[PDB]
$ cat my_file.pdb   # PDB, C-alpha atoms
ATOM      1  CA  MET A   1      75.840 127.829 111.377  1.00  0.00           C
ATOM      2  CA  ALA A   2      76.407 124.186 112.653  1.00  0.00           C
ATOM      3  CA  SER A   3      74.432 122.118 109.964  1.00  0.00           C
ATOM      4  CA  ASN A   4      75.071 122.016 106.123  1.00  0.00           C
ATOM      5  CA  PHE A   5      72.594 124.630 104.621  1.00  0.00           C
ATOM      6  CA  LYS A   6      73.962 124.174 100.920  1.00  0.00           C
ATOM      7  CA  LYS A   7      75.380 126.775  98.341  1.00  0.00           C
ATOM      8  CA  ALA A   8      79.177 126.953  99.222  1.00  0.00           C
ATOM      9  CA  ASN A   9      80.929 126.956  95.718  1.00  0.00           C
ATOM     10  CA  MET A  10      78.587 126.743  92.612  1.00  0.00           C
ATOM     11  CA  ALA A  11      81.067 128.278  89.989  1.00  0.00           C
ATOM     12  CA  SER A  12      84.097 125.852  90.248  1.00  0.00           C
ATOM     13  CA  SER A  13      87.278 127.808  89.182  1.00  0.00           C
ATOM     14  CA  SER A  14      89.607 124.743  89.737  1.00  0.00           C
ATOM     15  CA  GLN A  15      93.120 126.400  89.640  1.00  0.00           C
ATOM     16  CA  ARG A  16      95.676 123.476  89.299  1.00  0.00           C
ATOM     17  CA  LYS A  17      98.564 125.980  88.450  1.00  0.00           C
ATOM     18  CA  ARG A  18      99.745 127.965  91.608  1.00  0.00           C
ATOM     19  CA  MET A  19     103.259 126.901  93.022  1.00  0.00           C
ATOM     20  CA  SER A  20     106.006 125.867  90.483  1.00  0.00           C
ATOM     21  CA  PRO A  21     108.622 123.645  92.469  1.00  0.00           C
ATOM     22  CA  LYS A  22     112.042 125.111  93.575  1.00  0.00           C
ATOM     23  CA  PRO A  23     114.314 122.739  95.903  1.00  0.00           C
ATOM     24  CA  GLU A  24     111.260 120.744  97.184  1.00  0.00           C
ATOM     25  CA  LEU A  25     108.712 117.946  96.117  1.00  0.00           C
ATOM     26  CA  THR A  26     108.039 117.965  92.240  1.00  0.00           C
ATOM     27  CA  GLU A  27     104.923 117.615  89.849  1.00  0.00           C
ATOM     28  CA  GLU A  28     103.946 113.935  90.710  1.00  0.00           C
ATOM     29  CA  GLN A  29     104.356 114.449  94.567  1.00  0.00           C
ATOM     30  CA  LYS A  30     102.783 118.076  94.623  1.00  0.00           C
ATOM     31  CA  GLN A  31      99.583 116.855  92.798  1.00  0.00           C
ATOM     32  CA  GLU A  32      99.044 113.489  94.752  1.00  0.00           C
ATOM     33  CA  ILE A  33      99.383 114.737  98.475  1.00  0.00           C
ATOM     34  CA  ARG A  34      97.599 118.203  97.766  1.00  0.00           C
ATOM     35  CA  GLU A  35      94.741 116.758  95.536  1.00  0.00           C
ATOM     36  CA  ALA A  36      93.964 113.745  97.943  1.00  0.00           C
ATOM     37  CA  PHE A  37      94.043 115.774 101.317  1.00  0.00           C
ATOM     38  CA  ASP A  38      92.099 118.756  99.653  1.00  0.00           C
ATOM     39  CA  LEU A  39      89.468 116.180  98.176  1.00  0.00           C
ATOM     40  CA  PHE A  40      88.578 115.050 101.824  1.00  0.00           C
ATOM     41  CA  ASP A  41      89.280 118.531 103.514  1.00  0.00           C
ATOM     42  CA  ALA A  42      87.290 120.622 100.891  1.00  0.00           C
ATOM     43  CA  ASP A  43      86.305 124.013 102.591  1.00  0.00           C
ATOM     44  CA  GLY A  44      89.532 124.370 104.826  1.00  0.00           C
ATOM     45  CA  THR A  45      89.294 122.588 108.251  1.00  0.00           C
ATOM     46  CA  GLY A  46      92.571 120.787 109.443  1.00  0.00           C
ATOM     47  CA  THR A  47      92.411 116.971 110.062  1.00  0.00           C
ATOM     48  CA  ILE A  48      91.205 114.095 107.804  1.00  0.00           C
ATOM     49  CA  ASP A  49      90.095 110.831 109.684  1.00  0.00           C
ATOM     50  CA  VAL A  50      90.946 107.019 109.106  1.00  0.00           C
ATOM     51  CA  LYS A  51      87.709 106.429 106.988  1.00  0.00           C
ATOM     52  CA  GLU A  52      88.644 109.340 104.550  1.00  0.00           C
ATOM     53  CA  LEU A  53      92.505 108.613 104.849  1.00  0.00           C
ATOM     54  CA  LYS A  54      92.003 104.819 103.933  1.00  0.00           C
ATOM     55  CA  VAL A  55      90.092 105.977 100.707  1.00  0.00           C
ATOM     56  CA  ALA A  56      93.066 108.497 100.211  1.00  0.00           C
ATOM     57  CA  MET A  57      95.667 105.606 100.552  1.00  0.00           C
ATOM     58  CA  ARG A  58      93.675 103.397  97.971  1.00  0.00           C
ATOM     59  CA  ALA A  59      93.872 106.315  95.332  1.00  0.00           C
ATOM     60  CA  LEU A  60      97.580 107.328  96.238  1.00  0.00           C
ATOM     61  CA  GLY A  61      99.226 103.789  96.637  1.00  0.00           C
ATOM     62  CA  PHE A  62      98.453 102.326  93.091  1.00  0.00           C
ATOM     63  CA  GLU A  63     101.277  99.701  92.889  1.00  0.00           C
ATOM     64  CA  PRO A  64     103.714  99.926  96.029  1.00  0.00           C
ATOM     65  CA  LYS A  65     106.729  98.203  97.789  1.00  0.00           C
ATOM     66  CA  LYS A  66     105.712  96.303 101.096  1.00  0.00           C
ATOM     67  CA  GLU A  67     105.051  98.182 104.464  1.00  0.00           C
ATOM     68  CA  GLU A  68     103.697 101.576 103.076  1.00  0.00           C
ATOM     69  CA  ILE A  69      99.828 101.976 102.954  1.00  0.00           C
ATOM     70  CA  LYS A  70      99.039  99.539 105.921  1.00  0.00           C
ATOM     71  CA  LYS A  71     102.026 101.097 107.940  1.00  0.00           C
ATOM     72  CA  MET A  72     100.655 104.790 107.668  1.00  0.00           C
ATOM     73  CA  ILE A  73      96.933 103.804 108.608  1.00  0.00           C
ATOM     74  CA  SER A  74      97.951 101.413 111.553  1.00  0.00           C
ATOM     75  CA  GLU A  75     100.732 103.819 112.970  1.00  0.00           C
ATOM     76  CA  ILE A  76      98.509 107.056 113.267  1.00  0.00           C
ATOM     77  CA  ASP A  77      95.487 104.923 114.647  1.00  0.00           C
ATOM     78  CA  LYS A  78      97.094 104.660 118.215  1.00  0.00           C
ATOM     79  CA  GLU A  79      96.439 107.159 121.160  1.00  0.00           C
ATOM     80  CA  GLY A  80      93.075 108.892 120.255  1.00  0.00           C
ATOM     81  CA  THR A  81      92.409 106.511 117.272  1.00  0.00           C
ATOM     82  CA  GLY A  82      93.247 107.725 113.681  1.00  0.00           C
ATOM     83  CA  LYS A  83      93.410 111.407 112.781  1.00  0.00           C
ATOM     84  CA  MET A  84      95.968 112.973 110.327  1.00  0.00           C
ATOM     85  CA  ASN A  85      96.744 116.714 109.617  1.00  0.00           C
ATOM     86  CA  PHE A  86      98.577 117.935 106.393  1.00  0.00           C
ATOM     87  CA  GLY A  87     102.068 118.315 108.131  1.00  0.00           C
ATOM     88  CA  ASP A  88     101.844 114.520 109.077  1.00  0.00           C
ATOM     89  CA  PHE A  89     100.595 113.496 105.480  1.00  0.00           C
ATOM     90  CA  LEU A  90     103.248 115.673 103.621  1.00  0.00           C
ATOM     91  CA  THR A  91     106.308 114.583 105.837  1.00  0.00           C
ATOM     92  CA  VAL A  92     105.374 110.784 106.250  1.00  0.00           C
ATOM     93  CA  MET A  93     104.141 110.084 102.575  1.00  0.00           C
ATOM     94  CA  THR A  94     106.992 112.129 100.767  1.00  0.00           C
ATOM     95  CA  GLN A  95     109.892 110.705 103.040  1.00  0.00           C
ATOM     96  CA  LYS A  96     108.531 107.027 102.702  1.00  0.00           C
ATOM     97  CA  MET A  97     108.413 107.269  98.761  1.00  0.00           C
ATOM     98  CA  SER A  98     111.305 109.862  98.099  1.00  0.00           C
TER      99      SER A  98
END
$ encode --input "my_file.pdb" --output "structure tokens"
Amino acid sequence: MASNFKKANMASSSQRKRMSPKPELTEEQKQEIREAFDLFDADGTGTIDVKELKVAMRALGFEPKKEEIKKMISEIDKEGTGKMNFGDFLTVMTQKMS
């Protein structure tokens, strides 16, 4: 089916307790990059766009340093405009803060 015919998930079993961190990103970082990218990519697709990713940067930034939220949105909007997958969002947002 191409169009949205409704009734995907009615009973919302929202399991925020799955991977406990080993030598990796911790509770604060795990929650903010998973829960923002999964809020825009809900059913399991791949890429989030600059409209959705700018709303993701407003919720994730809060209070930041200087060239962080404007630098991510203007640097991936370049060759075929702005599209981001989860490997880009995880590596660029964790290495710029941690």
$ resolve_selection --input "my_file.pdb" --expression "the PyMOL selection byres ((chain A and resi 31-39) around 12)" --output "PyMOL selection string"
chain A and resi 14-21+25-30+40-49+52-62+84-94+97
$ atom_distance --input "my_file.pdb" --atom1 "CA of residue 95 in chain A" --atom2 "CA of residue 68 in chain A"
11.0 Å
$ atom_distance --input "my_file.pdb" --atom1 "CA of residue 98 in chain A" --atom2 "CA of residue 23 in chain A"
13.4 Å
$ atom_distance --input "my_file.pdb" --atom1 "CA of residue 24 in chain A" --atom2 "CA of residue 77 in chain A"
28.4 Å
$ axis_aligned_box --input "my_file.pdb" --around "range 55-68 of chain A" --padding-each-side "5 Å" --output "JSON"
{"center_x": 98.4, "center_y": 102.4, "center_z": 98.7, "size_x": 26.6, "size_y": 22.2, "size_z": 21.6}
$ resolve_selection --input "my_file.pdb" --expression "the PyMOL selection byres ((chain A and resi 73) around 8)" --output "VMD selection string"
chain A and resid 50 53 to 54 69 to 72 74 to 77 82
